[PDB]
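Residue strings, one per chain:
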Amino acid sequence: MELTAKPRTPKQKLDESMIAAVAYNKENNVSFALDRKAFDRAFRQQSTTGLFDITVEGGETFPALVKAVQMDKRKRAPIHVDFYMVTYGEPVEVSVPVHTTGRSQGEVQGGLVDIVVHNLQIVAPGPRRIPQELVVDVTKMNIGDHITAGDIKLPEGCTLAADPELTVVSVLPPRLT
Amino acid sequence: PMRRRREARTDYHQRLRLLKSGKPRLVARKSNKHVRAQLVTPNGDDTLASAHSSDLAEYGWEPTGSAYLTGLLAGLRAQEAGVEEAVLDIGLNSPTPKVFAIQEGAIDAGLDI
Amino acid sequence: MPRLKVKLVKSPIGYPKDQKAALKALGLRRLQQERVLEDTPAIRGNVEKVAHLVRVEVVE
Amino acid sequence: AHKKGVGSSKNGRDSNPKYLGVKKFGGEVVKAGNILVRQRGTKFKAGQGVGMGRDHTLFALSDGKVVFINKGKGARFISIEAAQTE
Amino acid sequence: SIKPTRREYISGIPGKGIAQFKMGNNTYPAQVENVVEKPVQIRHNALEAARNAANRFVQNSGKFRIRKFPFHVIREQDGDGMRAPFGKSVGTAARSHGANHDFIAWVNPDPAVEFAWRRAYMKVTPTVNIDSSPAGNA
Amino acid sequence: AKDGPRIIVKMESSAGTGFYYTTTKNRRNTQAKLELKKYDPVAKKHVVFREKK
Amino acid sequence: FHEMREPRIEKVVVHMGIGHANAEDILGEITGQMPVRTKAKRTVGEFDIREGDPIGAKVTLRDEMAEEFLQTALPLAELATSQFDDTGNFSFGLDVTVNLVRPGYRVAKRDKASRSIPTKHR
RNA sequence: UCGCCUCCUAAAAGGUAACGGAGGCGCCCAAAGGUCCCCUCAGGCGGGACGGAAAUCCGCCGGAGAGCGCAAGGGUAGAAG
RNA sequence: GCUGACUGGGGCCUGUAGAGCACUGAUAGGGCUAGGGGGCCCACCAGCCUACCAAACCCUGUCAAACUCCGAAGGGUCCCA
RNA sequence: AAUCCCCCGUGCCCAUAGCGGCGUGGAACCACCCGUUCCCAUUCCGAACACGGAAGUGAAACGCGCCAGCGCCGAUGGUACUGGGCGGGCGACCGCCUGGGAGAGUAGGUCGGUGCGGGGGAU
C-alpha cells in the first residue's frame, strides 16, 4: 500500500524511514521508492505468499509486489527490495505455501515427527488466482516413512512449476523409531 | 570441446596447415555428383569460380576426364585472373584418384602445383 | 576554460611520494599559498586526486 | 652420510615468464609473448584461446614468439596501418 | 587470519569427528532461532558440545537444525624448543563469519524448544544473538 | 660426461672417414653393436656414418 | 509411412575369446572378416592376470557376409525365445550377438547431433 | 639443512624472507626422433562368449573428466594424443 | 634538454577481497538406490520384508592459499596529451 | 549480365546457433543408392577411404519452420569487495565521507547472424 518516491537518491533513503525498492514489471523499471515502515507492516503479513500493492498517483494500483529481496545486511534489517507486477493473464511465477495441522500418527503417539523441506510451493496455477493459503496433508506419519512431490495432491490451477519425487515432508525419529 | 571437435570427419585444420601460406587454397571441394573448387588465399581472400562441374554444364564424361579438364580450366581462368603458383587444398579425401584428377587439372593448367 | 585557484593545506610531511609529485607537478612550493589552472582535466586530475591536500576555488 | 624425513621444509625457486611487449606497442621481430619457451612464434598477433576473443598488437615486422598453448599462436595477421608505403 | 597447510597435505579431508546436523522437528510457519555476530574459528568440540547440550535439555520437535561445522585446523608444540616450528595439529574449527544463520529451533508452536535453544545459547562460546525468522516465531 | 656404466654410455660417429665425427650419447639398452646413421664430414658432404667407438 | 520402420540388416557379430593362436583360424575358415582384439584383467579366476594379452577374438559380420552366416549356421541354433533382449538385439551360441535396426537407429553413430536413440523408434 | 622442477604464500605486471607450506631430480627414449598417411578417450548405460568386481564385442549417451615415461603446474584432441 | 614522478585518454595485461558452485576436496539434513546389515521361509534362499551402515544421482544446504563456470577493488605498459 | 526466392561450396561471429519434439524437400539439389575386372584401399570385409553408373528413395547424415524441457545469455535497481580521504573501540574490529562496483538472485532472452562464390528460380 502507498509506498512512494522514485528519483535516484539511495544512500539517504537507505537512511531514515524509506528503504529503496525497484519498480519492476515486464518491460519497465523505474527508480525505487516505498519506505521501510510500510514494508514492515505488509511484507510482514506475507511477502512472496499473499499479495497486494500500492496506490502511487493511483498510477496503476496493480498486484504482484515482491519477487526478490533480502531483509539483508548483518543486523537482520533489510534494505533494497525488488517489486514486480502482473496485470496479465500469464502469472506463472507462483510461490505460496501449504500446511497440515499435526495429524496424530508419528507425534501424538510415537513421539516421532517430520522434516518439511517443502512448506512453500513455486508453480503456476491460474494467474492472479492462487490461494493465499493452500492446505495439503494426507496425514500419515511414522517409521522410516517419507512423502514428496509426486503424490503431492494438487487442487484446481494445474501447474507444478517444480518436479516429482522431492522435498515434501517425512517422518523421522525425534529420538527413535 | 569445441564445435568442430565434438563433431569430426573434418581437419579443416590441416586446411590451416596450408593457411600458413604458399598463396591459395586452390581448394577442391567434392560431392561425387560433381566437384566444385574455389580459391581462399590468406588475407580474408575470396575466389573466382575457376572450376565447377556446372559453370559449363555437367557433361557426361564422369570423373576421369571431368576432373582433368575442369581443372586445367580453373587453372587457366585463373592465370587470366593473374596468379602463378597456387597451393593444393585436398578439400577432403585422400587425394582420391578424383582429386588426383582436379589436381593434374591445375597441373597441366600450368597453374603451378 | 573555468579557472581553478587552489591553496595549500595539511603538509606532505610523510604523505605519499607520487602525491608529493602532484605537488611539485601542479607546481607546489612553500606552504599555504595559492596557484591557478585551466579546468583542463589532466591538471584537474593531479589536483583532485591529492584532494584533501588543500582547497579548490572557482575563478579566473 | 644422508638426508631426513617428516620435515617438509623445502623452499622452491625462481622463474620469470611474461607478456613482454604487451599488446599494441612498437613491434620488433623479438620475443613476442611468453609463458611457454621452446615456442614456435607466428604472424603478427594472436587471439584464439581458452576464453574466446582475440588480440591485436598494432605492431608488425617478420614475426614473434608464442607460449605453447597459453596466450595464442598468432597467425590471424595484422601488419597494422603503419605498414603502408612509407 | 592464518590457516591450515593443504587439505590433503598438512591435515586435509577429515570427518572433523563431531555430532551431525538435525534433531528437533518440522513445520511450515514459525521460524524460532539462533545466530551469531562474533568472529572466530569456532571451537570444534566446544560447539559440538554446546549444541548437543541443547539437544540434551530437550529431546524432540523444534528444528534443532544446526548450521555450523569445523573444517580447518590449529597447531603448536612438538620437537626442539621455540625457533623452527615443525607442526603439531589440534583445533578443528570454522570461521564464524561475524554474524550469520547459526542453528534453528523451527516449528509452529513449541516455546519449550525456544527456551531450550536459549539454553544452547547461554551455552555456546562467543555471546551470540538470540532471535526470530520470517514472520516472527508465533 | 658423467661416465655411467649405467644404461648411459657416450659415443660418436665417422663419415666412412669423411674424416672426424660429431656428438652422441647412447644406451646398450636395446640394440648392441648396431649403430648406423648418415652425416657430412668436413669431407665433401654427407657420407655413411657408423657410430660405434 | 510403413515405408520406414519396417527394417533392413544392420550389424551382426560372431565371436569368442579365451585367455589363451589359430582357433581364430577356425573362425577364418568359417567366415571372412578377422578379429584380433586384446583381452584383459589382473587376477586368477582362470589364471588371467597378465594385464595385457592378445586373447579376445571377434568376427564382425554385418549385412552381406553376415547373410552368408545367418544362413549357413542359423540351422545349428536351438532356443528362439528369451535370449531376446531389450535394445532390439539378442544373442546365443558359443558367442553370438545380433542387433535389430528400426529406422531411427543410424542417427546414433553421428559425432554431431547424436540423438540419444529415442526408445520409441528402435 | 645446503642444486634444480612444480604448486600455494606474491595483497591481482613482473618480484620479496621465513629452520612457511607439500612434492618431485642428478633419468632417459636409437626412436616417444623427421615427415607423409589414417584413429577420434575415459566413463555410464543395454546385450552376449571362456565372462557373475575388474575384460572381450556390439548399439546408444559424452566443454576431453581420460592422455602424454617419470612430479607438480600449464596445455590441449584442431592433439602434444 | 623537455625525454621525468604525477594527472586526463586510450588501448592491452594480472586474474587475491568478494562470490560460487558444473572442475576438485571438503561437508551437513535429506530422498532415490544398491553394496553391509538386519529380522523372516532354514535359508544356494539366493525368495521376503524391514526400523541400522553406506557408494553412487537428486532436492535443501556449506567451506577452499596450493578449488574457481564467475569476477572488481587496483597495478601494469605502449602511445596521445 | 551486374534486382529478390532458393540450394551449393563456403567463409567471420568461439551455444541469444546445442539438445531434443514434430515437420516439410527433391524436378531442381544431396545423400542415401547400384555394383565391384583395373586406380587406390581396410592390420577384416572397398562399411571408411573406392572406381565405375540408370533405375529406387528421402528412411537415414541433411536444409528452413514451429516448440522454452534442458540447456546458453543475460539487465535495471540492488549487496559484498575497494581505490582515496577521516573519524569510534586497549578489542578481533566498528563506522563515515569521495569515484569504481562481479556472481549469484526474479525480468527476460534465444532456438544464429553474417561474409564471397557456383547452380539455378523471377520475360
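Residues numbered from 1 in each chain as written, not as in the entry; some residues may be left out. Chains lettered and ligands numbered in written order. Part of a larger assembly, values for the part shown. Heavy atoms only, no water.

Method-wise, the PDB entry is recorded as coming from X-ray crystallography, at a reported resolution of 5.500 Å.

Looking now at the sheet that holds strand β6 (residues 113–115) of chain A. Residue and element names in this part refer to chain A. On the basis of which strands lie adjacent, the open sheet formed by 3 strands has the order β6-β10-β9 and antiparallel pairing. Edge positions in the open sheet fall to β6 and β9 (146–147), since each of these has one partner strand only. Relative to strand β10 (residues 169–172), β9 runs antiparallel, the two being bridged by 2 bridges. The residue bridging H146 from the neighbouring strand is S170, located in β10. (Pairing = 2+ DSSP bridges. Helix = DSSP H or I, 4+ residues; strand = E, 2+ residues; numbered from the N terminus.)

For the rest of this paragraph, the subject is the packing of helix α3 (residues 63–81) of chain B against helix α4 (residues 97–109) of chain B. Residue and element names in this part refer to chain B. At a closest axis distance of 7 Å, the pairing of α3 and α4 adopts a crossing angle of 35°. The chirality of how α3 crosses α4 is right-handed. Listed contacts from α4 to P63, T64, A67, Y68, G71, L72, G75, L76 and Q79 of α3 are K98, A101, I102, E104, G105, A106, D108 and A109. Partitioning the contact of α3 with α4 into residue classes produces 9 nonpolar, 5 polar and 3 charged. (Axes fitted to C-alpha atoms, helices over the stretch in contact; angles between N-to-C directions. Left-handed = near helix turned anticlockwise from the far one by under 90°. Contact = heavy atoms within 4.5 Å. Nonpolar A, V, L, I, M, F, W, Y, C, P; charged D, E, K, R; others polar.)

So, about the interface of chain E and chain A. With 13 residues of chain E at the interface, the matching set in chain A holds 16 residues. Summed over both sides, the interface between chain E and chain A buries roughly 1400 Å², with carbon and sulfur atoms accounting for 56% of that surface. When residues of chain E are sorted by the area they lose upon contact with chain A, E:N25, E:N26 and E:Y28 head the list and together hold 47% of the total. For the pair chain E and chain A, the number of links is 0 salt bridges. Across the contact surface, chain E and chain A share 10 residue pairs in polar contact. Those elements that place two or more of their residues in the side of chain E that touches chain A are β1 (22–23) and β7 (100–106) of chain E. (Buried area = accessible area lost by both parts, 1.4 Å probe. Salt bridge = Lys/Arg side-chain N within 4 Å of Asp/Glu carboxyl O. Polar contact = N/O pair within 3.5 Å; in protein donor to acceptor, adjacent residues only side chain to side chain.)

Once that is clear, we can look at the packing of helix α1 (residues 17–26) of chain C against helix α2 (residues 41–50) of chain C. Residues and elements named next belong to chain C. Taken N-terminus to C-terminus, the directions of α1 and α2 make an angle of 135°; their axes are 9 Å apart at the nearest point. Considering the angle they form, α1 stands oblique to α2. Pair α1 / α2 crosses with left-handed handedness. For the pair α1 and α2, the contacting residues are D18, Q19, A21, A22, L23, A25 and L26 in the first and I43, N46, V47, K49 and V50 in the second. The residue inventory of the contact of α1 with α2, partitioned by class, reads 8 nonpolar, 2 polar and 2 charged. (Parallel < 35°, antiparallel > 145°, perpendicular 65-115°, else oblique.)

What follows covers empty space enclosed by the protein. The computed volume of the largest cavity comes to approximately 140 Å³. Forming the walls of the largest cavity are 13 residues, and the residues nearest its centre are E:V36, E:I42, E:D102, E:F103 and E:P126. Elements that contribute at least two residues to the lining of the largest cavity include exactly α1 (44–58) and β7 of chain E. For the lining of the largest cavity, the leading source of residues is β7(E), giving 3 residues. The residue inventory of the lining of the largest cavity, partitioned by class, reads 8 nonpolar, 3 polar and 2 charged. The volume enclosed by the second largest cavity comes to roughly 60 Å³. Every residue along the wall of the second largest cavity is listed here: B:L18, B:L19, B:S21, B:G22, B:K23, B:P24, B:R25, B:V40, B:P42 and B:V87. Broken down by class, the residue content of the lining of the second largest cavity amounts to 6 nonpolar, 2 polar and 2 charged. (1 Å grid on protein atoms, 1.4 Å probe; cavity = no way out; pocket = protein on both sides within 12 Å on 5 of 7 lines; lining within 4 Å. Points joined across faces, edges and corners; volume = space filled by probe spheres on them.)

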